Amino acid sequence: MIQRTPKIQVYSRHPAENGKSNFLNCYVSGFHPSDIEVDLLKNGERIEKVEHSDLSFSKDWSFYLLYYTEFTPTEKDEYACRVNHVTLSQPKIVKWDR
Amino acid sequence: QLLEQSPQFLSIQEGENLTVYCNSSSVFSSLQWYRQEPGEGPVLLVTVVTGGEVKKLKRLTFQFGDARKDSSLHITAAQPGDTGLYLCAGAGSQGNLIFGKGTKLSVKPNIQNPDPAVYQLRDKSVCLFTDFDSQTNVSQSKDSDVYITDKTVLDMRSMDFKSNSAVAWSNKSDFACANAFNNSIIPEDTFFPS
Amino acid sequence: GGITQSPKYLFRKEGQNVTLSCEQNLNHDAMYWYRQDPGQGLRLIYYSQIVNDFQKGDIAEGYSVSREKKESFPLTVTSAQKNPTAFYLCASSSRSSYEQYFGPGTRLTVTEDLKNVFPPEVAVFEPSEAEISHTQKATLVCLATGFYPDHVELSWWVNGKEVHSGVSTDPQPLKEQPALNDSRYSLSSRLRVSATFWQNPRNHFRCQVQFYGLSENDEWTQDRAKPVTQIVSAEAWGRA
Amino acid sequence: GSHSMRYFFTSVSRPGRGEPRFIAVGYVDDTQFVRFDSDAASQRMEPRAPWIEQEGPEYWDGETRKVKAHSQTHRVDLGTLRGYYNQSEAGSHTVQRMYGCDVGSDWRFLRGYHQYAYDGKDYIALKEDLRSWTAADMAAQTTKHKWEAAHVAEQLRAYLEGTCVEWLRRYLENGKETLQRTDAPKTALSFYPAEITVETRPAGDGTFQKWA
Amino acid sequence: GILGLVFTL
């Protein structure tokens, strides 16, 4: 029984330009078991139309998923990603940084 | 995937050494041979996996071709107990065996003293054509009311004696032994009682 | 362990749905259904590589399968099957595509009407005098006639003991009415003994023919005896 | 250049009477093209690439039939593995399988794969010779002996070296404008394929991103 | 395409 905690990366599809259209990505990878909970946060609050990829895995058998949402970046508005797995006793929030 | 079996029919003599073939254009990861008696379940004879591999079971020798696209079934000193349908099968890509249509082998007995004869048996009467050589073939009847059987091998193992025979009969009261095996190529030294 | 298919002989009027049993305690994952026509090869009907999964063979129309348990693989012969009379064979393999182990087979005969069912009439024919004097051997001829279906097992019995040496049953029956689709059958067997053996009046030769026909459940409305599964025999004693 | 076709299967047991999950995903390189999910109404292998949508109903029919067989096989496997390891029915367990082939620049067989993992640890694997097996432990020695006696490696070698390669070639020709595409990192941004010399992340537009 | 062949571990 080998469990692994997820690696989290919050980023944008293209280089972010304030006011322009983009996609907010949260790529969770390197985890075991498969069951995972990922939420994209806009100023602490959940985003409604969050979509995700099919569950696949890397050579070392660890799973990966891309959770993405279409969004207008803009300055001051803080974006973050809330992630829950079994290897965490409380969900962890990883912040978006240009 | 396809398996072609050759020959379709082989009628050899007891004692003879024979070879039957099973070929394809595709490579098979494993191959099987079966022998089936009519109305009975096929009996698995062997499984071959390695190309070039030769296996032996009873009086049978199997050989898997080098490229694994073919196999042969060799019978040494064939006995009338080798009679039957020989089937090769191979590993199917979709989770099944690929079957060949088979080789029907008939091992005929060596009749050392051929004494052909037509006899009349009482109960309603029957005509018995017996002691003819394993080369004589019993031809089917010309009338609906006249019934003629095919040749069957008989084994008196205590006296080390074997014989071939056919049974013919008719509903007709006017039916006789001399005119019973008319369709058949009856030998010349055939015995007929008055 | 082993692979079983019961019964050996199945009989049904056209239009009836029928289930062919197949069981194995060999711990084999894969099971197969084939049919074979006389003087013909095997034809794949349906197959299952693993429990809860099945897939069509080359002749799946009018048949149905179930795989709820690793051990059973029932085949249903439906009314939609155009030509249902065949020899049916079941097999299993450890995993699919590997060497298969065949069950004993079931002969299913499907009839136009049940009034076509007849038991055999068995008759023993005493040896020819000329055969005895000419060869010093004596051939007894048995003749089972007028049975439908060809669901028979003939055996020779000398002094209450079943004999195989000197015996020769026909490999296949014979149609009495070739033009008739549900034509009745005939079958002969021969028993050849030493002329002294036939000559001995202490010797008793009997010809047993087991017939498989109508079951308890079947409705019979005809005047003649209901042609149920039974044994018909004929005998002869030795003469000098 | 070098291409690959891979199939990834995950199957997760659910506590007690709950039926298990099954995910089938297929890739040609770094582009997913097919999917099959247990918790989906469709109950069909589904396209996940534009170029695979051009395939006939017979293809989709077969791919659905073959995945439902794999799914039933892995469901049995979960039950077997619990026994091999003498485990309970309340704790959740995972079975993972991967198979596929790599072709070189000439689009000819390079290497094949066929391996399992149980609870995130390697269980059994076909070696590079494609004739022999790597059994991680004593539980996996029961598998290896069953697969050896039943000649599984020979049948798997046949698919990997041939069939698998033929499919990869058909997909590469059909998916010409998608799979044969080469990008072009910006200084490392918006490049394809993913192989480059923080972990490489999908941009979600088909390309990838990397940081020095 | 996937395998047409399935086997238990």
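Hydrogens, waters and symmetry mates play no part in the numbers below; they use all other heavy atoms, side chains included. Note on naming: letters A, B, ... go to the chains in the order of the sequence lines (proteins, then strands), and numbering restarts at 1 for each one.
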Should C:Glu23 and C:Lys69 be marked as a salt bridge (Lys or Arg N to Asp or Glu O under 4.0 Å) after you check the CA-CA gap, both sets of side-chain angles, and the distance that decides it?
CA-CA 10 Å; C:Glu23 305 291 317; C:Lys69 298 293 178 185; over 6 Å; no
Compute whether any side-chain donor of one residue and acceptor of the other, for [X] and [Y], lie under 3.5 angstrom apart.
X: B:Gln63; Y: B:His74; value: no
X: C:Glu68; Y: C:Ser72; value: no
X: D:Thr64; Y: D:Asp61; value: no
X: E:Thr8; Y: D:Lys146; value: yes
X: D:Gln96; Y: A:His32; value: yes
X: C:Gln55; Y: C:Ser48; value: no
X: D:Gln155; Y: C:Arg95; value: yes
X: C:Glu99; Y: B:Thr47; value: yes
X: C:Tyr63; Y: C:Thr78; value: no
X: C:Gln49; Y: C:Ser96; value: yes
X: D:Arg169; Y: D:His3; value: no
X: A:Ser62; Y: A:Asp60; value: yes

Please step through salt bridge (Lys or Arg N to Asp or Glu O under 4.0 Å) for the pair D:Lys68 and C:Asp53, ending with a clear verdict.
CA-CA 7 Å; D:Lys68 282 182 174 186; C:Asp53 196 56; over 6 Å; no
Take D:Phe33 and D:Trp167 through the test ring pair (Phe, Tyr, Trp, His ring centres under 6.0 Å) and record every step on the way to the result.
CA-CA 13 Å; D:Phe33 71 95; D:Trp167 280 123; 9.3 Å; no
Would you say [atom1] of [X] has more than 12 non-hydrogen atoms from neighbouring residues, nucleotides or ligands within 6.0 angstrom?
X: B:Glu4; atom1: CD; answer: no
X: C:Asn52; atom1: CG; answer: yes
X: B:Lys101; atom1: NZ; answer: no
X: B:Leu57; atom1: CG; answer: yes

Go through the steps to decide whether D:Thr134 and D:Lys127 satisfy the test side chain to side chain contact (heavy atoms under 4.5 Å, CB included), and finish with yes or no.
CA-CA 7 Å; D:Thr134 310; D:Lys127 287 202 191 92; 3.3 Å; yes
Do [X] and [Y] make a side-chain contact, defined as non-hydrogen atoms from C-beta onward lying under 4.5 Å apart?
X: B:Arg68; Y: B:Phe64; result: yes
X: B:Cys22; Y: B:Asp70; result: no
X: A:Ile2; Y: A:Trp61; result: no
X: A:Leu55; Y: D:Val25; result: no

Tell me whether [X] contacts the main-chain N or O of [Y] through its side chain, where contact means a donor paired with an acceptor under 3.5 Å.
X: B:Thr103; Y: B:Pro7; answer: yes
X: D:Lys176; Y: D:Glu173; answer: yes
X: D:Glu148; Y: D:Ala153; answer: no
X: C:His28; Y: C:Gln24; answer: no
X: D:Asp29; Y: D:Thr31; answer: no

Is the [X] ring parallel, tilted or perpendicular to the [Y] ring (thresholds 30°, 60°)?
X: D:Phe22; Y: D:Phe36; answer: tilted
X: D:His70; Y: D:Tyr99; answer: tilted
X: A:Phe57; Y: A:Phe63; answer: perpendicular

Output the distance between atom [atom1] ([X]) and atom [atom2] ([Y]), rounded to the nearest 0.5 Å.
X: D:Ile124; Y: D:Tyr116; atom1: CD1; atom2: OH; result: 8.5 Å
X: B:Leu105; Y: B:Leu10; atom1: CG; atom2: CG; result: 5.5 Å
X: C:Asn25; Y: C:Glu71; atom1: CG; atom2: CD; result: 8.5 Å
X: C:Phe73; Y: C:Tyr46; atom1: CZ; atom2: OH; result: 9.0 Å
X: B:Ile98; Y: B:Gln32; atom1: CD1; atom2: CD; result: 11.5 Å
X: C:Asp58; Y: C:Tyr34; atom1: CG; atom2: OH; result: 9.5 Å

Please confirm whether [X] and [Y] have ring centers closer than 6.0 angstrom.
X: D:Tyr27; Y: D:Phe8; answer: yes
X: D:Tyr171; Y: D:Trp51; answer: yes
X: B:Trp33; Y: B:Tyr21; answer: no
X: D:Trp147; Y: E:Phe7; answer: yes

Here's one to test your reading of the geometry: is the NZ or CZ of D:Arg111 within 45 degrees of the ring axis of D:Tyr113 and under 6.0 Å from its centre?
yes
Apply the side chain to side chain donor-acceptor pair (under 3.5 Å) test between D:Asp137 and each candidate in D:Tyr118, D:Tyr85, D:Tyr123; give the one that qualifies.
D:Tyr85
Take D:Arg44 and D:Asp37 through the salt bridge (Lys or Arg N to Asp or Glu O under 4.0 Å) test and state the conclusion after the steps.
CA-CA 8 Å; D:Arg44 279 212 106 222; D:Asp37 200 354; over 6 Å; no
Under the side chain to side chain donor-acceptor pair (under 3.5 Å) test, residues paired with B:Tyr34 that sit two or more places apart:
none
For a salt bridge (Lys or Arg N to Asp or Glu O under 4.0 Å) check, start with the C-alpha distance between D:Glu19 and D:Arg21, then their side-chain angles and the critical distance, and finish with the verdict.
CA-CA 7 Å; D:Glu19 312 288 305; D:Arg21 221 194 155 112; over 6 Å; no
Are any of the side-chain nitrogens in D:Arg170 or D:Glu55 under 4.0 Å away from the carboxylate oxygens of its partner?
yes
Any ion pair linking D:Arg108 and D:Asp106 (charged N to carboxylate O, less than 4.0 Å)?
yes
Not counting sequence neighbours, which residues clear side chain to side chain contact (heavy atoms under 4.5 Å, CB included) with D:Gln141? List them please.
D:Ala135, D:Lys144, D:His145
